[PDB]
Amino acid sequence: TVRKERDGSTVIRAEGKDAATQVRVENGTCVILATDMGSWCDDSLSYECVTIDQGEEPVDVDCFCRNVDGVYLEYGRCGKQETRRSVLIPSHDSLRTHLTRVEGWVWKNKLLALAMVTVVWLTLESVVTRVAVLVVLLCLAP
Amino acid sequence: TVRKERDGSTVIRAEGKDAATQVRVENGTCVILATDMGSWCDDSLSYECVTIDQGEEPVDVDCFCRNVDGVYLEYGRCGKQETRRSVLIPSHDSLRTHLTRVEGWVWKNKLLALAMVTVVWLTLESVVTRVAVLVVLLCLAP
Amino acid sequence: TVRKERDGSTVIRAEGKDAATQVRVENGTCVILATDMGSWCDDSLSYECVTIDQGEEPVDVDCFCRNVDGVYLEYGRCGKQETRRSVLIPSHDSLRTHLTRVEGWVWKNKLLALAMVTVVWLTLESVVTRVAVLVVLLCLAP
Amino acid sequence: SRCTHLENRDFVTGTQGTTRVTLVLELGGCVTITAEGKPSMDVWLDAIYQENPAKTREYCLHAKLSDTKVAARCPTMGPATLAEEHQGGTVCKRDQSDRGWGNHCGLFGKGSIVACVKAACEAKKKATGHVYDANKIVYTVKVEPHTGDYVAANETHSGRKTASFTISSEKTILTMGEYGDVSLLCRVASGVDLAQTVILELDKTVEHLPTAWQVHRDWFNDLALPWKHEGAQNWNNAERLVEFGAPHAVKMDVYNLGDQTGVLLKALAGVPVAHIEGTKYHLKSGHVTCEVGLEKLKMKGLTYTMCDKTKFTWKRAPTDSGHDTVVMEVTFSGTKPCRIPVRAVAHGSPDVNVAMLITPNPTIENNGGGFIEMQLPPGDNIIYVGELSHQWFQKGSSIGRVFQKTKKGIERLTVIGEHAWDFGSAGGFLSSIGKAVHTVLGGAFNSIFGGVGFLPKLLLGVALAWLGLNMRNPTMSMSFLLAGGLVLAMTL
Amino acid sequence: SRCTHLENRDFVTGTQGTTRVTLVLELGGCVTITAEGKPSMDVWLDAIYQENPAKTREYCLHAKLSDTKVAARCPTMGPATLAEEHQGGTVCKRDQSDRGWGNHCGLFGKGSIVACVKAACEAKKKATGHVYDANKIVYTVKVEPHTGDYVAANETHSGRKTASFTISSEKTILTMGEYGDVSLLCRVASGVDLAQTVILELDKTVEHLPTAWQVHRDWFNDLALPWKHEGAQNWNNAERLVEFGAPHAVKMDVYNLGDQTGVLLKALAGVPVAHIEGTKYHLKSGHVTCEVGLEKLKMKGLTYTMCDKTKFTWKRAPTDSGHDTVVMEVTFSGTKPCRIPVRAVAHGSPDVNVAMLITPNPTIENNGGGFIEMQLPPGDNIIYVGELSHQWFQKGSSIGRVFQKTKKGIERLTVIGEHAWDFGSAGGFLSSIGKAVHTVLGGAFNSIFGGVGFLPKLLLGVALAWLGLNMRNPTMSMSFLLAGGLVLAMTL
Amino acid sequence: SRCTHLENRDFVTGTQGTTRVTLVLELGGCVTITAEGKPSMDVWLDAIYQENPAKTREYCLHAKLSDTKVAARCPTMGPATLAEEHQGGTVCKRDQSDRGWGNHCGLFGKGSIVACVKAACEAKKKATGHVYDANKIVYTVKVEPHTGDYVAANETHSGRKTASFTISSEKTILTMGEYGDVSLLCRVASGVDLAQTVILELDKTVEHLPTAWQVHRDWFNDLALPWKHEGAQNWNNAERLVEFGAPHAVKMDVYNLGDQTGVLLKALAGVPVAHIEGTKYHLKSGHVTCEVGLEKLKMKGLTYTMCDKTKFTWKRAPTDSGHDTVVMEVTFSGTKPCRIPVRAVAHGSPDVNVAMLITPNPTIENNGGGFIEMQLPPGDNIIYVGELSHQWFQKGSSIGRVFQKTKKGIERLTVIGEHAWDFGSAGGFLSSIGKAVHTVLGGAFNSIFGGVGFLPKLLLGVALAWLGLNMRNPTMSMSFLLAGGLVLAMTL
Ligand SMILES: *[C@@H]1O[C@H](CO)[C@@H](O)[C@H](O)[C@H]1NC(C)=O
Ligand SMILES: *[C@@H]1O[C@H](CO)[C@@H](O)[C@H](O)[C@H]1NC(C)=O
Ligand SMILES: *[C@@H]1O[C@H](CO)[C@@H](O)[C@H](O)[C@H]1NC(C)=O
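Residues numbered from 1 in each chain as written, not as in the entry; some residues may be left out. Chains lettered and ligands numbered in written order. Heavy atoms only, no water. Residues with missing side-chain atoms left out of burial classes, pairs and counts.

A tally of helices and strands in chain D yields seven helices and 30 strands. Over its C-alpha atoms chain D spans a radius of gyration of 36 Å, topping by over 25% the 23 Å that the globule rule assigns to 492 residues. Along the first, second and third principal axes, the C-alpha atoms of chain D reach 125 × 65 × 35 Å. Excluding contacts between residues fewer than 6 apart, the proportion of contacts in chain D whose partners are at least 24 apart in sequence is 65%. (Helix = DSSP H or I, 4+ residues; strand = E, 2+ residues; numbered from the N terminus. Rg over C-alpha atoms; globule rule 2.2 N^0.38 Å. Contact = heavy atoms within 4.5 Å.)

So this is what it looks like as structure tokens:
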């Protein structure tokens, strides 16, 4: 298929069966080396089709038209079967923790534990209740 | 351009100028479609050339032949102007330093050095061994 | 347009419509491939148009002539629809100031604030001069 | 009643001569309310739900590309520009391509190339995410009145009624019809931080299940997919579902990453399935602490005469119900309606009544009747309905009942502690302390004090106070405190 | 009168028997010279400007390329050269380039190539700067008399005059008409770091605004653009507006970065537009420490008749001016010219007036006359004018007035610090100390002491000196310093 | 003498009655052996090298693909194989590709595709690596005798002799024409950790300079490139230099990453370049500890007479040699060969021999001679050569010389003591103590006792010991220690 845009540039609206064909446009003729075409729909690619002299051959091109200027191939990529990779999304002891948390607080606060022990030892003077005082102090840092 | 190998298959040998043409083989027609060819050399890629029925168009290929079986393509990749990613190669007196380190520690540890000096000068009573004590006191920090 | 300068070197004054055509000089011919030409102006980009033999095709060359030596191209650039960039241009009472800084320093040193009194009220015991001493101490901190 | 078939049952009964009682309602846990001289009612938090919750953010899982274009220029000719480049809702990239001899570019080198495509992802694939709002949640609390009819677990009592309760709404009145009215003053509270949970809902397609989930807010906010807020059509960060192939001379293909609902399903295995229906979104963590009023209710059929003495039979023999009570079903063949004669005595003491019926004034109706629920003291247990006699032996001890009631009351006071204490002022603090003490000691006062009356309770309190004032060690203050607590409980 | 509408106003009173007054002027501020039996002038700096400041250097924002040439030589031929390489006004870079069998150069490898183009920028795109000169600045101060006609907030005054002042010329004399001659000998000080300010003036554009600016000298001296001094044909450092394309065999294009005025305007957001008036360039910060002469000022209308007391009527009610002054205006339509027997009597003192007129002997002329401004003590007072009357009270206390005068004196002495005293000689130091003391205590002495006379001042000084030498605490001799200060103030 | 040029020159003196002398030799350093009655030699380490070091691993940069291939089969029809898949020197990758109508396969499945290619990398682009062999390192020591012939800084004396030294070979004796034989017996070492230094050199190239480096083993052993061992045809892990493209049905391209010389050279910027000369791999560290046996030397030209004292002229005037010694070249004119009568006298003592000749018995041969090097005491003096006489003063200042000798002895003990530590038994301890004392204070003892002799030295030691034996303070006991030290140095 061929058309004519308002700006003076042709549009070779190709399709699946046009692969490896030789379409004729204006004073010249040209081909379509693309080999992934399909039907026509919203999913439509449209890239410039180069123009080369007679004494030349294409290099890494899919459409090339000689003896004509401004040819834009345009084909729908849908109408065939499925290139695609999924994105990576991450997937979604009653007293055990208390003892561990208290031990961690003591270790990271050895000065605090030493001060708490020395308080009962010297100022509080509660050897009978020193165990209770130490337990309360430890519970003060859950 | 066309060679009949001894294994029962035909290999089409193409140059850069032969892109997007139709070359006859045996009884069928092979239409070279790949466009990134070049002058022959050691670097030669050779891939199977598909064969398709009368009423089927090609998709996702760049070499197809009709009513002829067992055709292979082959073309070099030299002469053509030249994914060039690059790998990652990571790049790469005796007591004077000790005396320098001690001087730097004293300069940046004014408080501790002053405290040590005051302690020595206030509780030494060892002017004979004052230097010996101070040497160890100053050099201990590392 | 062609013309031979006094030095013995020919110059071609290409125009906008001269794109992709031939120009005959002396006995050889010149080929123009530039696609950035336009009407004549002071914006003249005159550069050497290398000449080659008949055995090699041009590479990386816009203008090339055969069977002629010493030919220079030259053309204007106005009357042509348009690459721009931008350079880096960096974007463009007194007692209270001291009083505010002093108040901030006092408020950031609550321990120092307490120590100031703990030292003055004991060592100085000279309220008449202790006020001045405390003021000097407070002003000492920047 | 419906509550005879549930595990979590609590007998929150008001004191003698009381008109209101505080309640704590946890979904799935019934409560039975009783009051001397009044009919008994059953209540429970049927369901917690919000309707039409606000939607916060939308992800989509299948991009729908279209109108993709490409442009290129020979080297040393400036960049390539497209109209779609500066528009909205377009994904595109700028690259360079190896132009040369075969592309009709005079100068060999690198030339600019741009491929820009409009991106607006498909329909019926948006992963809508709704967010719960605390204020607008609505609770439902049914009220089933006891009658003489047995009800199966699935069947719904005909006389059941329902009510609504929002945080703003405070006072509501219900109509029980023949039984009168009930006044509800419910305070609602959500026990979990709802701002850190967002319900994720795929667009409603019934091809498979499930299509709704509750997910942690951070995880749902850190999904690597295009996201738009409601109102702005353009999809922010749409590049995540489009990849650009290597550039050829003039053509730069634009692939599509395709559908991605499958990976999302595979990543949500084992997550609880949010339970929704219609336009209501249910919850699973809540409780409403209400204050039922039992003043306008009137016991039904107080004028009915006695039934037949010999026309009574057991439809279903008495059996335990796992709630420290006994069920019992009977039929009738004489003239109806008439009040059911029921009583209980103790072997060896055949002239003492020990029947404290849970159901009030059992009666036989023309359609329905005969259901009986009651609790007996441990030990000798005899049933005398008409002339039928059944032998029962209930385990446990009265001390055990008192201890269990005290523990249950303490636990209930622990659940509603947030609103069970007020520290705004001194009078409010005293009121909160008194309410807490009443809640704690209600079971003890009810069990210990039965038929005591004002004079006996007052005399006991006076004796306890005198004991507190009696000569003893300072540790005796516990006895004085107990005396004061008992006196206060008797006063209220 | 005129500056009664201004905000930053000051009152400077000259002591009786004194023939000069020191003063300080600054932008947006007025002064009201007042002396006994002499017309009350008004002095207020109008504007400070320079004439055609010496332009320093010019940045032009659009380089007009022209006449570009290229040439190259392949390996085994030596480095390439071009005629314009060492010519002035041209810029270019030499770079390697590829070669091969395709362009007649048999040996492969990298050659040499040069491409030089003339650089020049068209008119209407030069961002020429400007720098001030310390001596060339011109300061103008306007002095106007007091006429009894009310003047609007923007209307001029026919009688006002003007004078110009600069560091070079100091003295000058004015003539106000019939009032007399006012002599000003002002020594000026530039109050800004003028060495660190420059005017970045874009060239003329009729519609686009703005054009002038003020920018710190360091910034304007660091702009990354081509620059030259006026009178230089070339453009020093012209490579900042030219980028060279890749080397393609022989071709090497020379792109143009285009206009830059947009970026420069974008980089001057929120910068105060520099006032421009004709060829005058205006400053914005400065002050003048001027000395005002009063030797030959004559007050007008001393021997006029008296208007009949009955015939008077108001035009504007008295109102608070805003500087502890009362502004009043009247209009009369009878026999002219005459005097206005203005007087205000404090409540309870019908015989004693406490109104001191700022207007010198208010008078009714053929044109104008009637506007009278007064300053009155705090309290309740009744303003009398002929037979008209009004009831008015002030705010604040005389102590407040003394404190305000002291603060104003301190501020005035602080701003003249650079030229307030000198210790070159003992006599000069003594004179400077006396001048500073007078400046700091003149208002206090005038307000506290008025019309006492030489004899009262001598008696007060003697009594204070005797009191200082009398018995008192060792450190309680501040009376001596007070007596010394009072004697010094009253010495003049 | 080739040592009259090097900046650092250690002096070692041959003590009277001594036939052995230890040494320490380092790169860029020589020691001028001088002994009484024997010719003075020069000893230094010319250079350290290894020959044909073993090759450990050779990376190669520019991979060279060849003879690539692919193969594929219709879906669900068995995997595809290749004849080159299982051979050596190959890099094969498997994958699956789409298929459909255009692939001549019935069902729209996805079959198997295989593609791979030979990989032998380009010649003259290998980065070989060698590692030094500690036991095979060869140390070169060259000994030159002293002759009256002046030698330029870059000229080879005809009498220079060479000697090789390895770990195994220990003792070697040289011959020097007429002078005699020097018994060299050296022990070698190497400071640089040979196990942590691998020399990397890429194949020979003219443009690429430098073409060698010294790099850490832990870096050269983990280069992300293909690697093999010398003598292997195939390359291990050649996949690091090939990138496989996406499959299009039947064909998938195999790209090439090009050479890496640029990246490697960029990564080695600022790294030492190891000296290479043909097949000799030089080093830059290490030192030789050696002892020399002077027993077999004979002074040259002792039979000659003395020329007349009036036929001498200076060709090179006396000048500072940089090591507190003088050098002078004198040309003769009379009959030859003969001796050179040279002497120096201190100013004020013109009849005492004071010069300390360095050249042994300076002489003039048939053709050659006249270079004289001397050491003189601090202060002025006159140098006599027959009739001639020159003025000169020495800057040393004696005490500085003694201190420098002590410092040099301490440095030599520190450098060499690491290996010269004997403590096997009592004899070993005595030997170690004696060696330490000698290496520490040999110069001090020689200078302290200059010409005293064995008997005078013993007498001085006896006197010092007798003085020390006298009772005094503990610090005074050091006299005995000094006597013992002098005796041991004067008797060992
Ligand atoms: C309730 O369940 C019972 C037993 O499962 C069944 O017999 C009865 O029909 C059910 N009733 C209803 C209303 O579903
Ligand atoms: C400015 O002056 C004009 C006449 O010169 C006058 O009409 C106008 O009222 C003045 N502006 C104000 C704000 O009074
Ligand atoms: C030694 O070096 C100098 C300059 O470096 C040179 O002139 C001289 O020729 C060299 N020696 C000899 C023997 O050539």
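A separate point is the arrangement of the chains. If you rank the eight pairs of chains in contact by how many contacts each has, first place goes to chains A and D. Regarding chain B and chain C, which are not in contact, the minimum distance between any of their C-alpha atoms is 10 Å.

Attention shifts here to the state of the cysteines. Sulfur-sulfur distance for the disulfide between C60 of chain E and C121 of chain E comes to 2.0 Å. Note on the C60 of chain E and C121 of chain E pair: the S-S dihedral is about -95°, so by sign convention the disulfide is left-handed. With a gap of 61 residues between them, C60 of chain E in strand 5 (residues 58–60) and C121 of chain E in the loop between strand 8 (110–118) and strand 9 (126–128) connect regions that are remote in the sequence. Each disulfide pairs two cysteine sulfurs, and for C3 of chain F the partner residue is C30 of chain F, the sulfurs being separated by 2.0 Å. On the criterion of sequence distance, the pair formed by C3 of chain F in the segment before strand 1 (9–14) and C30 of chain F in strand 3 (residues 30–35) is long-range, its members being 27 residues apart. By sequence order of its bonded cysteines, chain D has the disulfide arrangement 1-2, 3-8, 4-6, 5-7, 9-10, 11-12. (Disulfide = S-S within 2.5 Å.)

This brings us to the domain arrangement of chain D. Residues and elements named next belong to chain D. In terms of domains, chain D is made up of domain 1 (2–52 + 132–194 + 278–293), domain 2 (57–128 + 212–271), domain 3 (312–394) and domain 4 (405–491). Of note, the centres of domain 1 and domain 4, computed from C-alpha atoms alone, are 28 Å apart. Facing five residues of domain 1, the contacting portion of domain 4 comprises seven residues. (Domains from an automatic or database assignment.)

Here the focus is the packing of aromatic side chains. An angle of 45° between the planes, with centres 5.9 Å apart, marks the rings of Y150 of chain D and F371 of chain D as tilted. One end of the pair, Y150 of chain D, is in the loop between strand 10 (138–145) and strand 11 (164–165); the other, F371 of chain D, is in the loop between strand 27 (363–364) and strand 28 (372–375), with 221 residues separating them in the sequence. Geometry around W40 of chain A places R13 of chain A over its ring, the cationic atom sitting 3.9 Å from the centre. A cation sits over an aromatic face here: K228 of chain D above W235 of chain D, 5.4 Å from the ring centre. (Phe/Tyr/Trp six-rings, centres within 6.5 Å; stacked < 30°, edge-to-face > 60°. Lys NZ or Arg CZ within 6 Å of the ring centre and 35° of its normal.)

Okay, the interface of chain D and chain A next. Facing 37 residues of chain D, the contacting portion of chain A comprises 31 residues. Considering each element in turn, the side of chain D that touches chain A owes the most residues, seven residues, to strand 6 (residues 65–72) of chain D. Here the side of chain D that touches chain A is built from residues that sort into 19 nonpolar, 10 polar and eight charged. (Nonpolar A, V, L, I, M, F, W, Y, C, P; charged D, E, K, R; others polar.)

With that out of the way, let us pick up the interface of chain E and chain C. Counting from both sides, the interface comprises 33 residues of chain E and, opposite them, 31 residues of chain C. At the level of secondary structure, the elements contributing two or more residues to the side of chain E that touches chain C comprise strand 6 (66–73) and helix 2 (261–266) of chain E. No other element matches the six residues that strand 6 of chain E contributes to the side of chain E that touches chain C. In terms of residue class, the side of chain E that touches chain C is made up of 17 nonpolar, 10 polar and six charged. Where strand 5 (residues 45–48) of chain C lies against strand 6 of chain E, two bridges are found, and the strand directions are parallel. Bridging across to strand 6 of chain E, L45 of chain C finds its partner in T68 of chain E. (Pairing = 2+ DSSP bridges.)

Inspection of the UniProt-annotated bridge between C74 of chain D and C105 of chain D gives a sulfur distance of 2.0 Å, within the under-2.5 Å criterion for a formed disulfide. Of this pair, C74 of chain D sits in the loop between strand 6 and strand 7 (90–99) while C105 of chain D sits in the loop between strand 7 and strand 8 (109–119), and the two are 31 residues apart along the sequence. (UniProt positions renumbered as here; feature names shortened; annotations may be inferred.)

All names here are of chain F. Within the open sheet, the three strands sit side by side as 23-26-27. Their pairing is antiparallel. Bordering the open sheet on either side are strand 23 (338–339) and strand 27 (368–369), each of which pairs with just one other strand. Pairing geometry for strand 23 and strand 26 (residues 363–365), over two bridges, is antiparallel. Bridging from a neighbouring strand, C338 pairs with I364 of strand 26.

The partner of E373 of chain E in a salt bridge is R9 of chain E, with the nearest N and O atoms 3.2 Å apart. Here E373 of chain E, found in strand 27 (residues 371–375), pairs with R9 of chain E, found in the segment before strand 1 (11–14); they are 364 residues apart in sequence, far enough to count as distant. Taking the shortest distance from any N to any O, the salt bridge between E85 of chain E and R94 of chain E comes out at 3.0 Å. The structure contains a network of salt bridges with shared partners spanning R3, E5, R13 and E74 of chain B. (Salt bridge = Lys/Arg side-chain N within 4 Å of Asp/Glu carboxyl O.)

Now for the domain arrangement of chain A. Much of the literature gives interface size as the accessible area that the parts lose upon coming together. Segmentation of chain A into domains returns domain 1 (10–76) and domain 2 (96–139). The straight-line distance from the C-alpha centre of domain 1 of chain A to that of domain 2 of chain A is 84 Å.

Residues and elements named next belong to chain D. Pairing between strand 3 (residues 31–33) and strand 4 (residues 41–51): three bridges, direction antiparallel. Bridge assignment links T32 to a residue of strand 4, and that residue is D42. When strand 4 meets strand 10, the two strands line up antiparallel, connected through eight bridges. Bridge pairing in strand 10 places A47 opposite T140. Summarising the sheet, strand 4 and strand 20 (residues 280–282) pair through three bridges and their orientation is antiparallel. What sits directly across from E51, in strand 20, is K280.

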